[PDB]
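Data block below; observations after.
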Amino acid sequence: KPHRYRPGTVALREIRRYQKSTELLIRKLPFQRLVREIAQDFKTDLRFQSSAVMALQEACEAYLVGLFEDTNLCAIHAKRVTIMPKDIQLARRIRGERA
Amino acid sequence: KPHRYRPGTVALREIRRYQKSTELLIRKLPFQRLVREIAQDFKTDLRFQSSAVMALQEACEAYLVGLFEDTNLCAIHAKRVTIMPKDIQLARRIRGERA
Amino acid sequence: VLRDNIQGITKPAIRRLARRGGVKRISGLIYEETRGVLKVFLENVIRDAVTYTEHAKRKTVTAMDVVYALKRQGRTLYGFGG
Amino acid sequence: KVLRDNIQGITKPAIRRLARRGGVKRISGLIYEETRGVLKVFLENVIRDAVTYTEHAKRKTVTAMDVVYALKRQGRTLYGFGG
Amino acid sequence: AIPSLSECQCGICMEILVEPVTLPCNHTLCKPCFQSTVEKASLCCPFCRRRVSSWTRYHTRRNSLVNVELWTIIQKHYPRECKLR
Amino acid sequence: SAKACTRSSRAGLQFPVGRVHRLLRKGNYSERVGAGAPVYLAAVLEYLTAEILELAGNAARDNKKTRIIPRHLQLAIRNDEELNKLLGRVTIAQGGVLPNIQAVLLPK
Amino acid sequence: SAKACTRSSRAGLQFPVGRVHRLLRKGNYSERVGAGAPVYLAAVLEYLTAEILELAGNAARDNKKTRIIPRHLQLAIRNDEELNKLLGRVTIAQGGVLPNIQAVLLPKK
Amino acid sequence: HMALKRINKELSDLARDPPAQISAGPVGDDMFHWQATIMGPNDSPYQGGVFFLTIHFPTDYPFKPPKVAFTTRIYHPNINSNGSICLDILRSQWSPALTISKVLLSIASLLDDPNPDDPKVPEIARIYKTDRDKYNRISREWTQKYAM
Amino acid sequence: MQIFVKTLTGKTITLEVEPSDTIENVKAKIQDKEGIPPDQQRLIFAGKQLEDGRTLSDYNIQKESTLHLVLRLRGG
Amino acid sequence: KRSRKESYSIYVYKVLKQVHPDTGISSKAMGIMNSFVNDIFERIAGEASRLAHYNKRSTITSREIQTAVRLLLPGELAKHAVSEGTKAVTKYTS
Amino acid sequence: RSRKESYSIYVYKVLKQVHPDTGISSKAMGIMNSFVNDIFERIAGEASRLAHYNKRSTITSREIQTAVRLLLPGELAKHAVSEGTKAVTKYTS
DNA sequence: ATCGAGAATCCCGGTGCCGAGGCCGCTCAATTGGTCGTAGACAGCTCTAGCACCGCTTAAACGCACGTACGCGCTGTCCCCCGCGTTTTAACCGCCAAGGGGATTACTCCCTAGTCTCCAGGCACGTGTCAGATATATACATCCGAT
DNA sequence: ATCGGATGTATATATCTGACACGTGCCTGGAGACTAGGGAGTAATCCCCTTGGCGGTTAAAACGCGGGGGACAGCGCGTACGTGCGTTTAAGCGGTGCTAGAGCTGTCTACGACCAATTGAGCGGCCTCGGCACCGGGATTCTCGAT
Ligand SMILES: [Zn+2]
Ligand SMILES: [Zn+2]
């Protein structure tokens with residue numbers, strides 16, 4: 001009696017929705033805290049301009065989007081629809097990031 | 001009565017032998033003719049220094065060897081032993097050459 | 001001092017990134033690898049950014065330093081300066 | 001004195017030798033045409049820039065320096081020929 | 001598709017077109033004027049005054065400029081102008 | 001052309017010839033800068049900017065908006081083959097990605 | 001130092017310093033060039049060259065030869081970790097490739 | 001070549017429909033050289049003034065803009081002392097479809113009211129725009145001293 | 001007294017000037033006699049430019065003095 | 001008051017008005033245009049400098065800029081840009 | 001004729017200093033020349049960029065040090081900076 | 001093959017806000033005008049190396065026949081992400097408050113480019129010699145059918 | 001589970017040649033001394049904005065459960081590719097001959113750098129009104145269980 005969508009028919013709706021929007025997808029404070037942690041690991045007592053954090057978020061999001069696109073391509077090439085970590089390392093190695 | 005090797009042993013022997021060696025693996029004259037044809041397509045009546053042809057051959061051989069390594073890695077990822085044209089296409093697509 | 005902030009990149013965030021990338025189904029072990037690669041990339045960028053900041057005898061990492069490090073790495077960015 | 005269809009000069013055993021150096025064990029039958037196409041595309045890309053360099057300098061003979069500079073511009077630095 | 005002789009002529013040359021091309025601004029005139037304008041003029045339609053370089057790039061690489069339907073009509077209607085030109 | 005007027009109007013361009021000339025001269029590119037270089041450079045820059053902006057405006061009009069936003073720039077750059085080839089390694093801030101979904105993943 | 005010997009000898013290097021200074025000045029890198037930069041640059045160049053030469057010589061000796069051919073240089077560059085990262089996009093003429101075979105292709109038991 | 005034929009259609013069209021208050025003709029046998037005469041518009045301080053213009057046509061017409069020069073001296077904000085003319089049509093808005101009659105009537109319109117956006121000479125520019133009477137009677141005395 | 005002004009082309013024009021005369025009136029007279037605009041002329045005397053508010057006696061122009069005429073043309 | 005900072009705002013706005021007579025541009029897209037113009041100018045100037053140093057010359061003549069454009073740009077954009085530059089310089093000299 | 005310069009003799013000196021036995025062939029010498037030139041161009045370009053970034057019109061040693069830190073990987077960069085600092089300290093007195 | 005109930009998405013109209021385009025005042029750099037040391041365009045000469053040809057090999061390419069092993073498709077099993085409802089949590093907006101440090105200006109001083117003069121470090125060239133490639137003859141590691 | 005060919009690979013020894021190491025003449029670029037002025041270091045001051053915090057409120061995250069579709073393993077097959085052998089093909093090596101064109105040299109003419117005045121283009125600051133954000137209502141269209 002209750003109405004439930006079949007598995008996988010709402011994921012495509014999410015794909016269609018998210019490829020239409022442009023806003024960021026990672027919450028601001030967690031990313032800012034992570035950036036501050038890494039920076040203070042490198043050199044202590046640093047201050048960040050807000051524009052720098054925004055630029056870092058844009059770059060990280062674009063890089064991850066590209067990586068996931070290539071991972072999905074590899075997973076499809078392996079006659080599957082699910083992305084697995086081995087796809088991620090294969091794509092990264094072919095791109096030359098780790099060799 | 002005749003002694004013939006199992007399919008897949010002398011191929012490994014060739015793999016071991018060629019990787020140790022370093023000589024050029026393409027005949028000089030056909031490659032020179034191909035280079036002259038491609039060049040005369042652009043501008044007419046060119047003359048080629050021998051060093052230019054040698055450098056072009058070295059670059060082409062290195063590029064093809066790298067592409068074949070990546071193709072083999074993709075083929076092994078797809079749970080196969082044979083390399084196929086779709087594997088070359090996928091490797092080029094990941095590398096960003098085809099775009 | 002701060003510790004264990006990599007968990008701030010929550011599972012729904014990686015899910016949304018995959019959904020934008022064009023992914024229908026995600027395995028359960030993707031998230032750890034994604035966090036690892038994100039940490040590696042961030043470390044690589046911040047090293048150059050902090051080096052640029054420290055060279056100029058400053059103390060604040062302006063957006064110009066970050067965009068300059070990104071340009072050096074081969075990932076040129078438009079919008080925040082340059 | 002023009003030349004024609006010389007891409008067949010890259011023989012099947014030559015591509016097999018290159019693949020063996022790459023580290024492959026079994027080769028499909030359709031690899032050779034794809035390899036020939038890829039090689040032709042790459043050669044065209046390099047030769048265009050080399051010819052541009054040799055044409056700018058008001059010369060008529062491509063040299064090692066032109067090809068080396070073209071490769072360096074394309075992103076594949078080459079040692080062993082000067083520069 | 002104009003039977004009239006006068007309207008057919010090039011807006012600049014004042015004679016019958018030779019191998020015409022149709023602009024995205026729905027303006028028709030002979031190709032040599034387009035070649036001359038792209039080499040020397042402002043790379044825009046003299047009347048519309050809006051740039052068409054993007055359209056020209058798209059159509060040029062596949063030689064989409066040639067228009068067969070407007071080609072056939074001009075000689076089938078007015079052969080002697082084409083022959084003298 | 002007739003002398004004794006502004007340089008940018010002699011060539012019929014809108015980009016500043018003088019500023020480009022100063023940038024070339026003091027930009028640590030070469031010891032001397034020719035008099036014909038800045039005009040050529042300004043013309044090339046103007047042509048490229050006009051080419052980008054025409055497609056951006058077309059996309060904005062197709063998207064019912066009358067003001068160009070970075071999403072329109074992303075659409076215009078990525079949809080054109082030549083410009084995408086030129087700007088291969090460049091990321092536009094807040095532009096999203098092109099709508100593209102693989103054929104295999106589509107429902108049967 | 002004593003300011004009596006040659007600049008390379010004064011700084012205790014083998015690479016030239018005056019030649020590096022001339023290259024920096026005439027290379028169109030800056031309007032002005034400091035008096036300490038060429039020494040630093042020559043030192044860095046000498047250190048990198050020394051490391052690569054040491055590795056190449058070790059590889060050649062392990063192969064039982066008295067001359068460094070390009071193959072030994074290629075082996076030294078590839079086997080080392082940091083040098084391989086530094087020269088990842090460099091092609092060495094007549095350098096061959098490192099020997100490796102994927103574990104899957106090996107014969108079964 | 002084609003420029004000759006184009007200029008021939010130009011002469012035919014200007015002869016069949018002569019412009020009002022402006023008339024041009026061939027100064028010499030050479031087809032490119034032209035002499036034109038313009039009469040001062042009624043709604044202007046240029047009453048009683050007749051002005052002669054010389055016209056040079058480049059080889060590529062109308063594919064390149066033509067050149068015009070003032071034989072006489074006229075006090076206008078957009079005109080140099082030696083006879084240069086500053087119009088965006090002649091160097092910036094030239095189009096092959098544009099013809100020779102409307103450039104002359106545009107010059108007449110400029111003589112009716114000048115354009116102060118791009119002053120050829122700042123002195124006459126603020127003579128014009130600071131006060132009307134200044135420009136009015138100085139242009140008057142100019143048109144009696146030279147045109148008449 | 002009377003002075004001479006030599007133009008850029010070498011042409012020499014005679015001028016009737018006085019130490020107490022105003023610059024604008026003299027420039028207007030030059031415009032009437034020659035056609036050159038009044039203030040577009042640049043007058044050079046012993047390497048010093050002439051100001052509109054200044055007088056002839058201020059710059060010490062004597063009888064039979066030669067001035068240099070400079071044309072300032074902008075636009076085109 | 002803050003110090004002056006030069007930018008290509010006015011010229012890009014003028015070109016936009018020339019192309020589309022009734023469309024404005026946001027601030028972020030304006031900055032993106034400015035950055036893109038700077039990037040392309042840096043690319044062309046650097047390529048021209050290296051190419052002129054390769055031939056033991058000293059001046060960046062318009063020939064060097066033309067060859068740098070023909071190298072950097074793709075097939076069709078290079079041809080159109082060369083045509084535009086040659087037309088502009090020919091108009092400028094005469 | 002004309003003279004062409006190279007880093008051949010200095011590379012040979014370094015080789016003799018490190019390995020006093022092994023000789024080096026011609027092609028290896030050309031490869032070392034190309035490597036030295038490539039590294040020099042990279043470091044000089046980075047130093048010039050850093051100098052222009054802060055509105056500086058000169059290239060001091062610290063620009064070279066920062067360029068070395070930026071370019072080379074970790075251990076190599078640290079050792080190179082140590083060597084350069086030692087050379088500058090010894091040269092200045 | 002479809003009808004129908006339920007849920008997500010698009011169209012349209014009204015209300016409100018802030019930033020984008022235009023205007024005003026002003027400081028600085030682009031333009032003009034002239035002079036001057038030199039970059040390279042051009043003509044002429046030289047001789048290196050690239051192009052074309054020929055002859056004789058002999059290694060490499062080719063086509064064919066046979067066997068076999070693996071790419072591919074079918075079937076089944078199971079288990080693990082997905083979709084949805086409920087509960088816990090901190091992101092985010094708005095606000096206030098301080099002071100660290102980026103940004104600016106003025107002063108001084110000393111580092112380096114330019115110039116001239118002199119001299120030896122490195123390059124083109126020529127020469128002697130041994131490191132290694134080549135050929136020939138054994139010793140041994142490894143593969144394959146079949147016990 | 002090895003056994004015995006049988007193949008290919010690795011090892012030891014003579015050899016002879018061409019590439020590598022070294023000496024030589026010298027000349028052009030590197031070094032030493034002196035000068036001048038602008039670029040950079042440093043001290044003092046402003047106020048921008050970055051860190052820190054507090055209250056709420058609500059969108060987003062964490063959690064759990066039913067299950068259905070997808071990952072993975074096993075099995076059969078027949079077709080494509082490896083392996084080997086005899087045959088045809090053109091790469092490779094040597095030697096010769098011709099000359100187009102790279103490379104160098106000497107003149108001098110015109111293009112570009114420096115210098116001063118000067119003023120208009122462009123930049124900083126303000127302001128206002130319309131395009132876009134947003135909300136509420138309705139119309140449209142995918143979607144799935146049941147036929
Ligand atoms: Zn026509
Ligand atoms: Zn039109």
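Every chain in the structure tokens takes a letter, A first, then B, and so on in the order presented; its residues are numbered from 1, and the ligands are numbered from 1 following the presented order.
With only C-alpha atoms (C1' of nucleotides) and all ligand atoms as the atoms that count, the set of residues no farther than 12 Å from ligand 2 is residues 11, 22, 23, 24, 25, 26, 27, 28, 29, 43, 44, 45, 46, 47, 48, 49, 50, 51 and 52 of chain E; 97 of chain H.
Using only C-alpha atoms (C1' of nucleotides) and all ligand atoms as the basis for the distance check, residues found within 6 Å of ligand 1 are residues 10, 12, 13, 29, 30 and 33 of chain E.
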Using only C-alpha atoms, find each residue in chain C having at least one atom no more than 9 Å away from chain K; report its shortest atom-to-atom pair and that distance in Å (one decimal), rows by chain then rising number, as CSV.
```
residue,atom,partner,partner_atom,distance
C:47,CA,K:70,CA,8.8
C:48,CA,K:70,CA,6.6
C:51,CA,K:70,CA,7.5
C:52,CA,K:66,CA,8.2
C:55,CA,K:66,CA,6.8
C:56,CA,K:54,CA,7.1
```
Tell me, as a ChimeraX atom specification, which residues lie within 8 Å of region 71-78 of chain J, counting only C-alpha atoms (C1' of nucleotides); anything in the same chain fewer than 6 positions away does not count. /D:49,52 /E:57,61 /F:82,85-86 /J:44
Skipping near chain neighbours, those fewer than 6 positions away, what residues fall within 10 Å of residue 53 (chain E) using only C-alpha atoms (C1' of nucleotides), listed as a ChimeraX atom specification? /E:38,43-44,59 /F:47,50-51,54 /J:80
Polymer residues at most 10 Å from residue 97 (chain F), only C-alpha atoms (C1' of nucleotides), same-chain spacing of 4 or more positions, as a PyMOL selection string: (chain A and resi 18-22+62+65-66) or (chain C and resi 20-21) or (chain F and resi 71+74-75+78+92)
Could you save the residues just selected, with N, CA and C atoms, as a short mmCIF file (atom, residue, chain, number, x, y, z; two decimals), in the first residue's frame?
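And here is the file that came out, result-v9.cif:
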```
data_model
loop_
_atom_site.label_atom_id
_atom_site.label_comp_id
_atom_site.auth_asym_id
_atom_site.auth_seq_id
_atom_site.Cartn_x
_atom_site.Cartn_y
_atom_site.Cartn_z
N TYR A 18 21.55 17.83 -9.39
CA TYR A 18 22.83 18.39 -8.95
C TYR A 18 23.67 18.89 -10.12
N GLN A 19 23.49 18.32 -11.31
CA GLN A 19 24.20 18.84 -12.47
C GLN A 19 23.62 20.15 -12.98
N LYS A 20 22.46 20.56 -12.47
CA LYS A 20 21.86 21.82 -12.86
C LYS A 20 22.24 22.97 -11.93
N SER A 21 22.47 22.68 -10.66
CA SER A 21 22.84 23.71 -9.70
C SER A 21 24.33 24.02 -9.80
N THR A 22 24.74 25.11 -9.14
CA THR A 22 26.13 25.54 -9.15
C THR A 22 26.73 25.73 -7.77
N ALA A 62 36.15 20.83 -7.67
CA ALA A 62 36.34 20.54 -9.08
C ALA A 62 37.22 19.30 -9.28
N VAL A 65 35.22 16.19 -8.44
CA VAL A 65 34.21 15.91 -9.46
C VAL A 65 34.85 15.25 -10.67
N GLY A 66 35.99 15.78 -11.12
CA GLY A 66 36.68 15.16 -12.24
C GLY A 66 37.13 13.74 -11.93
N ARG C 20 26.83 14.64 -8.68
CA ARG C 20 27.16 15.65 -9.68
C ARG C 20 28.09 15.07 -10.74
N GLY C 21 29.02 14.21 -10.34
CA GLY C 21 29.96 13.64 -11.29
C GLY C 21 29.34 12.69 -12.30
N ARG F 71 27.97 30.74 -14.69
CA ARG F 71 27.41 29.52 -15.26
C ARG F 71 27.27 29.63 -16.77
N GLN F 74 30.71 29.10 -18.24
CA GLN F 74 31.04 27.68 -18.28
C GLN F 74 30.34 26.99 -19.44
N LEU F 75 29.05 27.27 -19.61
CA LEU F 75 28.30 26.65 -20.70
C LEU F 75 28.89 27.03 -22.05
N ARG F 78 32.54 25.40 -22.53
CA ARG F 78 32.60 23.95 -22.68
C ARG F 78 31.81 23.45 -23.88
N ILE F 92 36.63 27.24 -14.05
CA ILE F 92 35.87 28.45 -13.78
C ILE F 92 35.18 28.31 -12.43
#
```
Residue 33 (chain A) environment, 12 Å, only C-alpha atoms (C1' of nucleotides), sequence neighbours closer than 6 positions dropped, as a PDB file with C-alpha atoms, in the first residue's frame:
```pdb
ATOM      1  CA  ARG A  27      29.719  22.461   4.490  1.00  0.00           C
ATOM      2  CA  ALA A  39      48.099  24.626   7.590  1.00  0.00           C
ATOM      3  CA  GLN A  40      48.949  24.644  11.297  1.00  0.00           C
ATOM      4  CA  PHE A  48      43.408  32.855   6.322  1.00  0.00           C
ATOM      5  CA  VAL A  53      39.283  29.333   1.782  1.00  0.00           C
ATOM      6  CA  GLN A  57      36.928  24.768  -1.730  1.00  0.00           C
TER       7      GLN A  57
ATOM      8  CA  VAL C   1      45.650  22.488  18.239  1.00  0.00           C
ATOM      9  CA  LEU C   2      43.105  20.459  16.257  1.00  0.00           C
ATOM     10  CA  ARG C   3      42.674  16.771  15.488  1.00  0.00           C
ATOM     11  CA  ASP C   4      40.279  14.437  13.663  1.00  0.00           C
ATOM     12  CA  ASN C   5      38.625  16.977  11.384  1.00  0.00           C
ATOM     13  CA  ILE C   6      38.734  14.790   8.258  1.00  0.00           C
ATOM     14  CA  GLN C   7      35.419  13.311   9.423  1.00  0.00           C
ATOM     15  CA  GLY C   8      33.898  16.701   8.600  1.00  0.00           C
ATOM     16  CA  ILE C   9      33.780  15.503   4.996  1.00  0.00           C
TER      17      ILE C   9
END
```
Tell me the residues of chain L close to chain K, meaning within 9 Å using only C-alpha atoms (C1' of nucleotides), as a ChimeraX atom specification. /L:122-124
Using only C-alpha atoms (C1' of nucleotides), the shortest atom-to-atom distance to chain L among F:76, F:4, F:104, F:44 belongs to F:4
Identify all residues of chain G in alpha helix (DSSP H) (DSSP on the backbone) and supply them as JSON, numbers by chain. {"G": [7, 8, 9, 10, 11, 18, 19, 20, 21, 22, 23, 24, 25, 26, 37, 38, 39, 40, 41, 42, 43, 44, 45, 46, 47, 48, 49, 50, 51, 52, 53, 54, 55, 56, 57, 58, 59, 60, 61, 62, 70, 71, 72, 73, 74, 75, 76, 77, 78, 79, 81, 82, 83, 84, 85, 86]}
